[PDB]
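# Structure at a glance
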Amino acid sequence: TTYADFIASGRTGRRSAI
Amino acid sequence: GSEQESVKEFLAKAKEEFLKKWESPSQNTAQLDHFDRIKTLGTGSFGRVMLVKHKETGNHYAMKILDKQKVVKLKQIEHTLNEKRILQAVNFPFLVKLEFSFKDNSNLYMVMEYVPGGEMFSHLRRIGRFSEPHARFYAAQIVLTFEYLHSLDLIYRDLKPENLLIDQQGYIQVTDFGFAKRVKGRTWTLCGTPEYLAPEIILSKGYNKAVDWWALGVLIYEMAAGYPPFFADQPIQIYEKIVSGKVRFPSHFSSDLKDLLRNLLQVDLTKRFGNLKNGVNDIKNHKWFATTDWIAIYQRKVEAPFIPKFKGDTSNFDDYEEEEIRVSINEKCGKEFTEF
Ligand SMILES: O=S(=O)(c1cccc2cnccc12)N1CCCN(Cc2ccccc2B(O)O)CC1
Ligand SMILES: [Cl-]
């Protein structure tokens, strides 16, 4: 699912600025 | 021209107050030994946030402590000075309030009202996603906050659930202002968070306040879906998706929500809602917001869909190793932070 792909992306935690 | 003229008059007075405070900022309104430390609420590469108690009053505050040497090392002098200068100059219901600031030999300190409900981010990841009425309630507050900030010629540039607190009435408090810039025309810095960057930030052309309306679309999508519209393992792959002009929606999104998002997540900045002739009113008058009483939101008279469990309590923040707050016997970086 798209949600499963989101989990697989590894970017589910807090995201830092670039 | 009654409601519209009232808003024009309100924003004109708000700009006068902002500019007076911007030109003559407050400085040195407390000191460290006025406070007892309770708990570390967050850590970053050049500072920490601590729950503290004011000794005289017993009031609780979030104290942001920035290590001057680390700020200099990481090239964040201007951003840090800017954050404090903005925070002490703005005044709006959905912006965090700066109560005190000061500095010592080692650190800068910004002391803000404590909001025990914590970040939207945690609540969203715990519940999964918000229903559309719940998302709309938060979105309306961001729309009004950007209307205010843009009227001061400020581009916000770091919208994301991580930077939104939920207070004890269930309303939002926007936290971070280091990236906020005075922009009447255009600016060029590559800054923000990958998932929330507008295409024109990635693409190196100049950009303007329309990037905040793109970011609103990302936020609404993430609140309503539980995940953002553009994601991938690495930022460069996220950027490719953002500029592509392609987005897919969960099947549970309403027709009205999809139409709003197609107009906010519009790659052509000359067709993006918020950036057309009628400005923010194209968003406020959109069908998805038809049930929104904008004045009632501003006045905080709408019953919030979610009120964080009321418990000084720190249960909505993570746990960190408690480290010393050391103040050097030698003044560090005095010239760089003279205006703080
Ligand atoms: O800790 S916060 O949630 C926070 C921020 C502002 C007021 C607060 C009032 N009550 C509770 C928490 C509060 N928080 C929200 C955004 C995340 N940062 C990350 C951070 C951590 C350490 C140093 C700096 C920064 B920074 O941002 O630039 C910390 C601030
Ligand atoms: Cl995290």
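Calculation notes
- Residues numbered from 1 in each chain as written, not as in the entry; some residues may be left out.
- Chains lettered and ligands numbered in written order.
- Heavy atoms only, no water.
- Residues with missing side-chain atoms left out of burial classes, pairs and counts.
- Helix = DSSP H or I, 4+ residues; strand = E, 2+ residues; numbered from the N terminus.
- Polar contact = N/O pair within 3.5 Å; in protein donor to acceptor, adjacent residues only side chain to side chain.
- Contact = heavy atoms within 4.5 Å.
- Nonpolar A, V, L, I, M, F, W, Y, C, P; charged D, E, K, R; others polar.
- Domains from an automatic or database assignment.
- Salt bridge = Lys/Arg side-chain N within 4 Å of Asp/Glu carboxyl O.

Its PDB header names X-ray crystallography as the technique used to obtain the model and reports a resolution of 1.583 Å.

Residues and elements named next belong to chain B. With respect to the helices and strands, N163 occurs in the loop between β6 (154–155) and β7 (164–166). A distance of 2.9 Å separates a polar side-chain atom of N163 from the backbone oxygen of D158. If sequence neighbours within four positions are ignored, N163 has contacts with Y156, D158, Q173, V174, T175 and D176.

Below, the discussion takes up the interface of chain A and chain B. With 13 residues of chain A at the contact, the number on the chain B side is 27 residues. Here the side of chain A that touches chain B is built from residues that sort into four nonpolar, five polar and four charged.

Turning to the domain arrangement of chain B, a few remarks are in order. All names here are of chain B. As far as domains go, chain B holds domain 1 (1–24 + 119–309) and domain 2 (25–118 + 310–340). If you average the C-alpha positions of domain 1 and of domain 2, the two centres end up 26 Å apart. Counting residues per element, the ones that place at least two in the side of domain 1 that touches domain 2 are α1 (3–23), α4 (120–127), α5 (132–151), β7, β8 (172–174) and α11 (294–298). Looking at the side of domain 1 that touches domain 2 residue by residue, the class counts come to 21 nonpolar, nine polar and seven charged.

This next bit is on the pattern of salt bridges. Any two side chains of opposite charge can pair, on the condition that their charged atoms come close. Between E222 of chain B and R15 of chain A there is a salt bridge, with its nearest N and O atoms 3.1 Å apart. Taken as a pair, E222 of chain B in helix α7 (residues 210–225) and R15 of chain A in the segment after α1 (2–9) lie in two separate chains rather than in one. Between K64 of chain B and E83 of chain B there is a salt bridge, with the nearest N and O atoms lying 2.8 Å from each other. Separated by 19 residues along the polypeptide, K64 of chain B in strand β3 (residues 60–67) and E83 of chain B in helix α3 (residues 77–87) bring together distant segments of the chain. Look at the salt bridges and you will find they share partners, linking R15 of chain A together with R125, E162 and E222 of chain B into a network.

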